[PDB]
Each structure stands twice: as structure tokens, then as C-alpha cells.
Amino acid sequence: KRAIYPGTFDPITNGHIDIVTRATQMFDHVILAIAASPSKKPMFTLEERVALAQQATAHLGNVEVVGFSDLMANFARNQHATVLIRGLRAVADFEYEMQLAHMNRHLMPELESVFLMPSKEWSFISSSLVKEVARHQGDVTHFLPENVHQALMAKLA
Amino acid sequence: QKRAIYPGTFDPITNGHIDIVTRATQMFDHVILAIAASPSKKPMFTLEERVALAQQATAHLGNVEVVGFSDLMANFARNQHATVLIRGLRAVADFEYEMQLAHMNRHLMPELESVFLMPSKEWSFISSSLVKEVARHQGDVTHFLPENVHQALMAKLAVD
Amino acid sequence: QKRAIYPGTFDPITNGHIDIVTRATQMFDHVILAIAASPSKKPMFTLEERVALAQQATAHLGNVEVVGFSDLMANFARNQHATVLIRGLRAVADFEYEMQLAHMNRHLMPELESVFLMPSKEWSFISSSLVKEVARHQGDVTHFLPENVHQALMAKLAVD
Amino acid sequence: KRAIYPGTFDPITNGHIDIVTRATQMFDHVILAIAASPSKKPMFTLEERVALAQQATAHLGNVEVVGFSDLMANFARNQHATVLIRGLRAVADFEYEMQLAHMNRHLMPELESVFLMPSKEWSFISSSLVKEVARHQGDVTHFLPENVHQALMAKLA
Amino acid sequence: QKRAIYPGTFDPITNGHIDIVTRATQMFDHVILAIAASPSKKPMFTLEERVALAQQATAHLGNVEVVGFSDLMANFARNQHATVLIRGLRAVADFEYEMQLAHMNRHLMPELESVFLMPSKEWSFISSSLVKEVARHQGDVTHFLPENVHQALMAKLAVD
Amino acid sequence: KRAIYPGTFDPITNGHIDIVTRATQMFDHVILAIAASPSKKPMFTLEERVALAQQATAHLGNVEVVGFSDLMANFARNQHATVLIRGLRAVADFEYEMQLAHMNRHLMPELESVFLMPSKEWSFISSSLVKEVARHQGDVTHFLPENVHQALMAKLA
Ligand SMILES: CC(C)(CO)[C@@H](O)C(=O)NCCc1nc2cccc(O)c2[nH]1
Ligand SMILES: CC(C)(CO)[C@@H](O)C(=O)NCCc1nc2cccc(O)c2[nH]1
Ligand SMILES: CC(C)(CO)[C@@H](O)C(=O)NCCc1nc2cccc(O)c2[nH]1
Ligand SMILES: CC(C)(CO)[C@@H](O)C(=O)NCCc1nc2cccc(O)c2[nH]1
Ligand SMILES: CC(C)(CO)[C@@H](O)C(=O)NCCc1nc2cccc(O)c2[nH]1
Ligand SMILES: CC(C)(CO)[C@@H](O)C(=O)NCCc1nc2cccc(O)c2[nH]1
């Protein structure tokens with residue numbers, strides 16, 4: 001059973017690590033898929049985001065990190081994935097996630113979009129929030145893998 | 001060989017529940033559709049009627065087991081060797097209570113992973129409660145139920 | 001010649017309900033303020049007291065008819081030749097349940113269009129339930145009710 | 001009775017067609033009013049959006065499509081409209097819609113802002129979502145009138 | 001010399017409530033942890049048991065007074081010369097009802113300012129209701145309660 | 001007891017005046033702190049926003065208006081503030097406010113983030129909404145202090 005965990009992962013946080021770890025305990029193979037997302041004007045290039053996530057998930061045997069600029073439904077079909085995973089955080093996320101799930105169902109009916117719930121520890125964080133704290137030199141070591149913390153600082157310094 | 005549990009009161013089982021359990025069978029090897037006694041909710045159908053209705057309505061799905069339970073859902077999940085807990089999500093109200101429940105279940109049984117599925121747009125605005133209220137007030141709910149459930153509900157309301 | 005229905009339990013009718021039904025009369029030719037028996041909710045005022053209070057409180061609005069009903073709201077709407085169903089919306093909780101209700105009503109009577117109105121900011125945080133709870137616990141709710149309702153509620157609580 | 005159905009309509013979708021059709025069954029005359037919305041940096045010019053909506057609603061006898069750059073309350077007063085219609089989709093929309101409705105009530109007390117609920121079929125779509133799928137070459141034929149689908153493809157190709 | 005009131009049913013007091021009242025003592029000179037009789041909710045513990053549990057669980061906090069009340073919360077707040085009303089906020093459901101309550105309380109006692117505090121992430125998904133339901137169904141709730149409350153709840157369920 | 005009321009205040013509205021007035025009835029000293037917020041591309045410069053808020057709160061004896069570009073938690077510590085105040089308006093605000101409060105608690109555990117509820121009168125307004133009405137020449141005199149209304153008009157004219 002192949003699951004895809006998609007997102008912008010700009011950068012990947014401990015909240016994303018928690019969801020992908022839960023996904024590997026549930027499915028045989030997990031693809032952590034990083035969308036190019038040029039409309040979101042990401043801080044890190046797609047190549048940087050893939051390298052950060054590869055380094056951050058290296059300890060997990062059944063995670064494959066890949067980047068994509070394709071339609072999500074086409075990339076899932078092309079990865080032979082039948083499960084799409086998203087972490088369920090806040091109401092704004094949940095409602096937007098419902099819209100994407102219904103759109104993906106229209107494009108690929110056999111692709112099941114499911115939600116996992118993060119640990120209470122990571123329930124109030126996001127890449128956007130971690131970047132905002134880091135832009136003001138605030139300590140974000142607790143929220144990110146070591147390699148990501150170094151990269152965020154290098155990008156801002 | 002993942003075992004998933006899909007718990008609820010299923011009073012009665014609706015097309016919304018059938019949609020969720022069907023999606024679960026496409027994802028997991030074995031799905032237990034677990035029916036909670038739920039006495040504090042004062043159910044319309046007894047546990048045995050609820051189990052027989054769910055069995056008939058899921059008989060075409062080869063990897064579904066319908067079972068009744070009166071214990072803490074997490075105690076039953078543990079005894080059934082389930083590592084996945086299926087929850088259907090339709091809207092905002094579902095989400096907030098579902099988050100409390102999922103954290104509590106994680107505290108009780110950390111090895112049990114809550115996974116949230118979405119029903120078809122067709123069943124995204126229905127609940128057993130609304131179906132029961134409409135049928136009690138002489139409204140047509142045939143569209144929302146499996147045939148056997150429609151028959152059972154008409155018979156229940158004819159004498160109540 | 002559009003006929004609109006504004007249903008509810010109106011237990012009792014508040015300034016929030018008066019605000020909504022007033023806005024409806026400015027939009028539609030005829031408005032039926034339809035009062036549901038609602039026995040499962042165990043109302044404070046009987047249907048007849050609820051109808052008489054609403055009649056007195058809306059007497060100044062020439063195109064409002066106050067009527068009691070015990071049937072499925074959509075069955076009553078159909079029999080009254082109503083093609084518009086008025087719902088008052090104050091916040092998020094209202095919205096989610098209102099969406100389920102509106103889809104169910106559309107299934108039951110497709111020709112009945114649900115239209116959601118917003119009350120004045122003044123009444124956007126009140127409900128009959130909160131007004132009743134406050135008055136039962138000796139709080140001042142005069143501001144939220146029509147004069148006749150304030151008088152009726154004081155008399156009800158004096159003997160209960 | 002004159003109703004106004006305002007929005008950015010960038011582009012008009014089947015969700016908008018559903019709401020405007022419901023509005024014509026309720027009110028004698030419906031004005032579908034397209035706001036210039038330069039702050040939203042729309043994909044289509046105001047002239048393009050008006051032509052798309054005119055073509056898409058031509059089959060509805062009592063719809064008039066117009067563009068405007070004015071304050072909503074002033075445009076409604078100037079159209080002799082006493083009802084403003086918005087489709088009720090998600091929580092984020094509902095809360096923002098409450099703010100606009102209360103602001104419009106302060107500016108024009110006789111203008112009643114009301115909500116209609118779209119069909120379940122269009123309950124999870126938006127112009128933004130349809131544009132995102134289309135930017136990735138995904139099939140959006142189901143969500144748009146034929147002329148709009150052709151225009152979206154021409155604009156992106 | 002600000003006096004704050006922290007009202008609730010506290011049936012029973014949880015670590016979530018302890019967290020909120022602890023934060024309140026760091027902000028205000030005197031905090032009244034006010035326990036509502038709340039008969040319409042049918043509480044598990046009597047008012048006297050609820051007060052004794054809260055007193056023992058807050059004994060280490062020098063500026064907390066635990067007091068029972070049966071009146072309208074705003075009437076009690078006024079009589080206690082409280083000008084601050086503490087509410088704990090965990091999620092969306094809390095927020096909407098809390099806004100209605102806060103506006104009603106402001107209408108009743110304008111000089112009483114509602115202030116909303118957030119509990120630790122640790123207690124952000126628990127409620128007395130969920131703790132009671134879990135314990136009644138033989139689940140482990142030790143983590144969510146003060147030691148004396150855990151002891152009292154085990155004794156209550158052993159005989160009920 | 002020192003409380004900080006932070007925000008972008010671009011510009012300060014009657015909704016902000018209501019919250020800061022409530023804060024002065026609760027705490028001995030209130031710092032109304034204006035974040036530079038360059039990522040939000042504010043309409044008014046930080047210097048303009050501070051002058052507008054100083055003039056608007058001059059009648060309140062225990063309010064001090066200050067601007068800052070620092071991390072919120074560091075600015076609060078440096079102001080000897082132990083209470084952070086935010087006004088509770090809508091769900092989207094509440095959920096974002098929870099995220100900031102939990103982040104601020106990680107950075108400064110003794111800083112208590114609390115919420116005050118605005119008057120029903122200001123429950124549906126925001127700086128963004130007032131600016132949108134003003135950009136379309138709509139009457140915003142009711143929502144703003146006199147000096148702010150003059151400044152908004154001067155900036156737009
Ligand atoms: C990364 C993401 C999961 C964050 O939410 C989402 O932005 C996304 O999937 N980007 C890829 C392009 C795309 N956008 C789509 C929208 C609806 C259906 C699709 O298949 C889509 N593909
Ligand atoms: C019917 C239901 C699946 C729908 O929500 C849920 O109410 C439930 O689980 N009922 C069984 C008793 C129980 N109540 C619990 C509360 C928290 C954690 C548990 O494991 C629980 N078990
Ligand atoms: C009082 C009320 C207007 C406020 O919500 C609503 O509860 C209602 O309609 N009560 C009548 C019985 C009924 N229950 C129904 C449920 C769905 C569709 C119907 O037509 C219904 N009629
Ligand atoms: C298109 C729209 C309905 C989408 O929501 C909204 O952006 C809008 O109305 N744009 C026109 C200018 C305006 N913006 C206003 C804000 C509040 C009150 C008014 O009268 C406004 N007029
Ligand atoms: C327990 C509680 C603190 C949690 O919410 C709340 O239910 C309450 O306050 N109970 C006392 C009676 C009352 N009910 C009221 C309703 C509105 C305004 C009041 O002052 C009220 N007092
Ligand atoms: C103005 C504001 C209160 C509006 O919400 C917020 O944008 C803010 O605080 N800006 C300053 C920089 C900062 N951003 C942070 C995010 C999390 C924790 C911090 O200490 C932060 N400091």
C-alpha cells in the first residue's frame with residue numbers, strides 16, 4: 001500500500017515529521033511529495049526543500065522524498081499511490097483540505113484523501129509561523145530538525 | 001495485515017456510514033464496523049437490531065466484520081488488535097469534537113492511530129439524528145438509507 | 001406574490017426574531033411566522049401562548065401571519081404554498097447546523113429556497129435559550145424581549 | 001424586486017451559475033455585478049469577466065451582467081437594488097460575509113444582505129481552486145460553463 | 001487590588017482548570033474559584049464534594065478562595081466585588097458560546113470584564129465531560145486529574 | 001502590573017480603542033505596541049501609525065504607544081510586561097491567535113496571552129475592511145478616531 005504525503009514543506013517542521021512518522025506506521029511505503037508551489041513564493045527552492053526533507057527523514061526506512069510541479073492527482077496516479085495524507089490542524093486548514101480532497105476525488109476517484117492528527121506538541125505550529133519567529137531572530141530549535149534549523153538561519157543571515 | 005475499527009452508534013446505519021466503511025475496505029485488509037451500545041444516547045434501535053441491519057447492509061463487502069461492544073471503544077480496539085481507528089468527517093462541528101476524541105483515544109491506546117475519511121458530497125450533510133427526526137415527522141428519508149434500514153425504520157415508526 | 005415561511009420554536013419570541021421577521025416583510029409580500037410545537041425540546045411556553053405572544057409582538061407588521069404547526073416543517077411549508085424559507089444566522093454554530101437543515105429541506109421540498117438573513121449587531125449574541133436561562137436565574141432580560149413577552153415571562157417564572 | 005449578486009467572478013463558475021439561477025427564482029430582476037477588484041490582482045480583466053458572465057447567463061431571462069469599480073453600497077443604491085445575495089460556502093467565507101453585510105448595513109440600511117446555499121455539487125469549489133487545477137493542466141470542464149473553460153485555457157496556454 | 005472570579009461547574013475539577021486558575025493567580029491579586037450548583041446539568045459530584053475537591057487541589061495557591069454559588073453568575077460576581085471574569089478557552093466550540101455568554105454578562109454587569117486565558121497544550125483537548133465518560137467506561141484518566149480528584153472519582157464509580 | 005496590546009494598527013480603529021480602553025480598566029499600565037510588520041506591506045509607515053495611535057489614545061492616562069521591529073516575546077520581556085492582550089473577533093483570528101499565544105509561551109513562559117472581547121458595535125470591523133471602504137470613497141467616520149479618518153483620506157487622495 002502506497003501513500004503520498006504532499007505539501008509545500010517550506011521548510012519541513014517537526015509537525016511534518018510527526019505526520020510522516022505516523023503515516024509509515026500505517027502504510028508500507030510513504031512518498032513525502034514536495035510541490036514546487038511558485039504561487040506561494042516559497043523561501044526555499046524546490047531542490048533545497050527536497051534536500052532538507054531527505055536529510056530530515058533519512059532515519060525513516062520507508063519514506064521517499066520527491067519534488068513535483070504536476071497536478072497532485074496526476075502525480076499520485078504516477079506514483080501508484082491510492083492514499084493521500086494531510087495533517088489536521090485548524091478549521092481554516094480543514095475546510096481548505098475538504099475542497100482539495102473533493103477536487104482530487106473528481107480527478108482521481110480511487111485516490112483516498114485521509115487526515116492524521118499531529119501530536120499536541122506540534123498542534124499550533126506551521127512553516128509560516130516558524131519563518132516569522134526566525135525572521136525576528138527568535139529561537140526555533142524546538143520546532144525543526146537540526147539540518148532545517150541550520151538552513152533557515154543561513155537563508156536569513 | 002492491518003486491522004481497522006470503524007466505531008459508532010449506527011442508530012441506524014446510513015448511506016453516509018456505508019460510504020465511509022466502503023472507503024475503509026479499499027485501504028485496509030480487515031475492517032471491524034463496531035457498534036456501541038451507547039445507552040446514554042437512548043437509541044431508537046436496540047444493539048441487536050443495529051448489528052443485524054449493519055450486517056445485511058455491508059454483506060457485499062468481503063473484509064467487513066460487524067460487532068457490538070459496550071466497553072470503552074479504546075478497550076475494545078485493543079482487544080481486537082486494531083491499530084487504525086476510522087472516523088468519518090463531514091464538517092467543522094465533527095472536526096472539534098473529533099480532535100478531543102482522537103487525543104483522548106491516543107492517551108488511552110497510543111498504538112491506535114485515528115484516521116479521518118471524507119464521505120461523498122452526497123452524504124456530507126446527513127446524520128443518523130437528522131434522518132431519525134425527519135422520518136419521525138413524516139418526511140421522506142429513503143434516499144439516505146440502505147433498503148433494509150428503510151424497511152426497518154418504517155416498521156419501527158408504524159408502531160411507536 | 002412570493003410567500004415566505006419563518007419557522008422556529010419561538011420559546012419565547014425575542015427582539016432577535018422580531019428583527020429577522022421585520023427584515024423578511026421588507027423583502028417578501030407575505031411572511032408566515034410558523035411556530036413549531038417542538039415537544040422533544042420541552043418548551044417553557046405552550047404552543048398557544050407562543051402563538052399569542054408572537055401575534056401581539058408582530059401586530060404592527062401588516063404582511064405577517066402567525067401560525068402554529070406540529071408537522072414536518074417542509075410538509076407545512078408545502079401546504080402553505082411557501083417557496084422561501086427564512087433562517088436567521090448569528091454565528092458559526094448556527095451556520096453548520098443550518099447547512100444540514102437547508103440541504104435536508106431541499107431534498108424534501110426542492111421548490112422551497114432557504115434564504116439566510118442577519119439580525120442587527122444588537123441581537124447577534126442572543127438566543128431564546130440564553131434569555132430563558134438568565135431570567136430563570138434572576139437576571140434582567142427586559143432589553144431582549146418585546147414588552148408583552150417580558151410580562152408573560154415574569155408571570156411564568158413567578159409561579160414555576 | 002431588484003437583487004444584486006456581487007463578486008469578483010474571476011472567472012464565473014458553475015457554483016456562481018447555481019446561486020444566480022436560485023436568485024432569479026426568488027426575485028424579479030437580478031443584477032450579477034462584477035467588482036473590478038484590482039487589489040485581488042484578477043486573472044481576467046473586468047471586460048473579459050463581464051463578457052464571460054454575459055455569455056454564461058444568456059439563457060436566464062432576468063439576469064443583467066454589469067461591471068463596477070464603485071463602493072458596493074453605492075452601486076446597489078444606484079441599481080435600485082434592496083437585496084444583496086451571496087452564496088454561503090465555508091466558515092471563512094461566512095465570517096468575512098458577516099463583516100461586509102454589517103458594513104453595507106451601516107452605509108445603506110435598507111439594503112438587505114442575504115445568503116443562498118449552493119447545491120452539494122458546487123459546495124467545495126471556488127474560482128481560486130479551479131484556476132489552481134487549470135494552472136496544472138487538470139480537467140476543469142465539469143466546474144465551468146463551456147465559454148469560461150475555453151477562455152481559461154486560452155489565458156493559460 | 002483586582003478581584004477576579006473563575007466560575008464553572010468543576011464537575012470534577014481537572015488539571016485543565018488547575019492550569020487556568022494558576023495562570024489567573026499570576027495576573028490578579030485575588031481569585032475566587034466559584035463553583036455553580038448547576039442542577040440542570042445533573043452533576044456527578046454534589047456542590048459540597050466539588051468545593052472540597054477544589055479547595056484541596058488549589059490549597060498551594062495562596063490567593064485562591066473556593067466558593068459555591070446557586071445564583072446567576074453575574075449576581076454572585078457583583079456581590080463579591082469582582083471586576084474580572086476568567087474564562088478558559090481551548091477551541092472553536094468554546095469561543096462561540098463564550099462570546100454569547102460574555103456579551104450577556106456584559107449586559108448584566110458592565111463593570112465585569114470577561115478575560116479569556118489559554119490552558120497548556122497538555123490540557124487543550126480535555127473537558128470534565130470527556131474525563132467522566134472515559135472513567136465511567138473504565139478508561140484511565142489519572143493523567144488529567146489532581147490526585148484527590150482521581151481518588152474521589154474512583155470511589156464514586158466503585159459504588160454507582 | 002504591565003500589559004502589552006500588540007498589533008499592526010494600520011490604522012488604529014475604534015475597535016482597537018475599545019480593547020485598549022478595556023485593558024486600562026484592568027491593568028495599571030498598558031503599552032500599545034505597533035509592530036513594523038513589513039511583510040504585511042502596511043499602508044502607513046511605522047512612524048505614522050505610532051503618531052496616529054498616540055493622538056487617538058492621548059485621552060487615556062495609562063496608555064504608552066511604542067513602535068517595534070523586534071520579536072514580540074523579546075519586546076514584551078524588555079517592556080517588563082507579563083500580560084499580552086488581543087481582541088477576540090472571529091474564528092480565523094482566534095485560531096491564529098492560539099498559534100501566536102502558544103509560540104509566545106514557548107519563548108517567554110511567564111508572558112500570559114489573554115483575550116478581551118470588543119463591544120458588539122466594533123465586532124465586525126477591521127483595519128483591512130475600513131481601508132477597503134475608504135479606497136472606494138465610502139464613509140468610515142463612524143469607525144475611526146477623527147485624526148485617523150483625516151490621515152486615511154490624506155493618504156488616499
Ligand atoms: C501542495 C498542496 C497539497 C498544498 O495544499 C496543493 O497546493 C497542491 O496539490 N499543489 C500541486 C498542484 C495542484 N493543486 C491542486 C489543487 C486541487 C487538486 C489538485 O490535484 C491539485 N494539484
Ligand atoms: C460511539 C463513539 C465511537 C462515537 O463518538 C464514541 O462516543 C465511543 O467511543 N463510544 C464508546 C464508549 C467510549 N467513550 C469514549 C470517549 C473517549 C475515548 C473512548 O475510547 C471512548 N469510548
Ligand atoms: C423548529 C425548526 C424550524 C428550527 O431548526 C426545525 O427544527 C423544524 O423544522 N422543526 C419542525 C419539524 C422538522 N424537523 C425537521 C428537520 C429537517 C427538515 C424539516 O422540514 C424538519 N421539520
Ligand atoms: C466583490 C465583493 C462583494 C467580494 O466580497 C467586495 O470585495 C466588494 O464589495 N467590492 C467592491 C468595493 C467595496 N468593498 C466593500 C467592502 C465593504 C462594503 C462595501 O460597500 C464595499 N465596496
Ligand atoms: C457554569 C458557567 C459559569 C459556565 O458556562 C455558566 O453557565 C453560569 O454562569 N452559570 C450560573 C448561572 C448563570 N447562567 C448564566 C448565563 C448567562 C449569564 C450569567 O451570569 C449566567 N449565570
Ligand atoms: C503584530 C502581531 C502581534 C500581529 O498578530 C504579530 O505579527 C507579531 O508579534 N509581530 C512581531 C514579530 C513577531 N512575530 C511573532 C510570531 C510569534 C511569536 C513572536 O514572539 C513573534 N514576533
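- Its PDB record attributes the structure to X-ray crystallography, giving the resolution as 1.8700 Å.

1. Points about the sheet that holds strand β2 (residues 29-35) of chain D
Consider a sheet: its strands pair through backbone hydrogen bonds, and that pairing is either parallel or antiparallel.
At step 1: Taken in spatial order, the 10 strands line up as β3(C)-β2(C)-β1(C)-β4(C)-β5(C)-β5(D)-β4(D)-β1(D)-β2(D)-β3(D) in an open sheet, and their pairing is mixed. Sheet topology places β3 (64-69) of chain C together with β3 (63-68) of chain D at the edges, where each strand pairs with a single neighbour. Each strand of the sheet is rotated relative to its neighbour by a mean of 30 degrees, with strand direction disregarded.
At step 2: Packed on one face of the sheet, helix α2 (residues 46-57) of chain D meets β2 and β3 of chain D and runs near 175 degrees to β3 of chain D.

2. Here's the deal with the site of ligand 3
At step 1: Every one of the 17 residues lining ligand 3 counts as a neighbour, but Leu-72, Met-73, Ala-74, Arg-87 and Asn-105 of chain C are closest to it.
At step 2: The environment around ligand 3 is built from residues contributed by chains B and C.
At step 3: Take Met-73 of chain C: an N or O atom from its main chain is 2.9 Å from a nitrogen atom of ligand 3.
At step 4: Taking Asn-105 of chain C, its side chain carries an N or O atom lying 2.7 Å from an oxygen atom of ligand 3.
At step 5: Its residues assigned to classes, the shell around ligand 3 comprises 12 nonpolar, three polar and two charged.

3. Some thoughts on the site of ligand 1
At step 1: Every one of the 18 residues lining ligand 1 counts as a neighbour, but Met-72, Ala-73, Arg-86 and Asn-104 of chain A together with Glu-132 of chain D are closest to it.
At step 2: Here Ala-73 of chain A contributes a backbone N or O atom positioned 3.1 Å from an oxygen atom of ligand 1.
At step 3: Between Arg-86 of chain A and ligand 1, the recorded distance is 2.9 Å, taken from a side-chain N or O atom to an oxygen atom.
At step 4: Contact with the protein chains removes 96% of the 480 Å² of surface that ligand 1 exposes when unbound.
At step 5: If you list the elements that add at least two residues to the shell around ligand 1, you get α3 (72-78) and α4 (91-107) of chain A together with α5 (127-135) of chain D.
At step 6: Tallying contributions element by element places α4 of chain A first for the shell around ligand 1, with five residues.

4. Thoughts on the interface of chain B and chain A
At step 1: If you look at the interface, chain B gives 25 residues, while chain A gives 26 residues.
At step 2: Looking at the side of chain B that touches chain A, the elements that each hand over two or more residues are α1 (15-27), α4 (92-108) and β5 (113-117) of chain B.
At step 3: Ranked by the residues each element gives to the side of chain B that touches chain A, the list is headed by α4 of chain B, at six residues.
At step 4: Of the residues assigned to the side of chain B that touches chain A, the class counts are 14 nonpolar, five polar and six charged.

Calculation criteria
- Residues numbered from 1 in each chain as written, not as in the entry; some residues may be left out.
- Chains lettered and ligands numbered in written order.
- Heavy atoms only, no water.
- Residues with missing side-chain atoms left out of burial classes, pairs and counts.
- Pairing = 2+ DSSP bridges.
- Helix = DSSP H or I, 4+ residues; strand = E, 2+ residues; numbered from the N terminus.
- Axes fitted to C-alpha atoms, helices over the stretch in contact; angles between N-to-C directions.
- Contact = heavy atoms within 4.5 Å.
- Near = heavy atom within 4 Å.
- Polar contact = N/O pair within 3.5 Å; in protein donor to acceptor, adjacent residues only side chain to side chain.
- Nonpolar A, V, L, I, M, F, W, Y, C, P; charged D, E, K, R; others polar.
- Areas by Shrake-Rupley, 256 points an atom, 1.4 Å probe, with all protein chains shown as cover.

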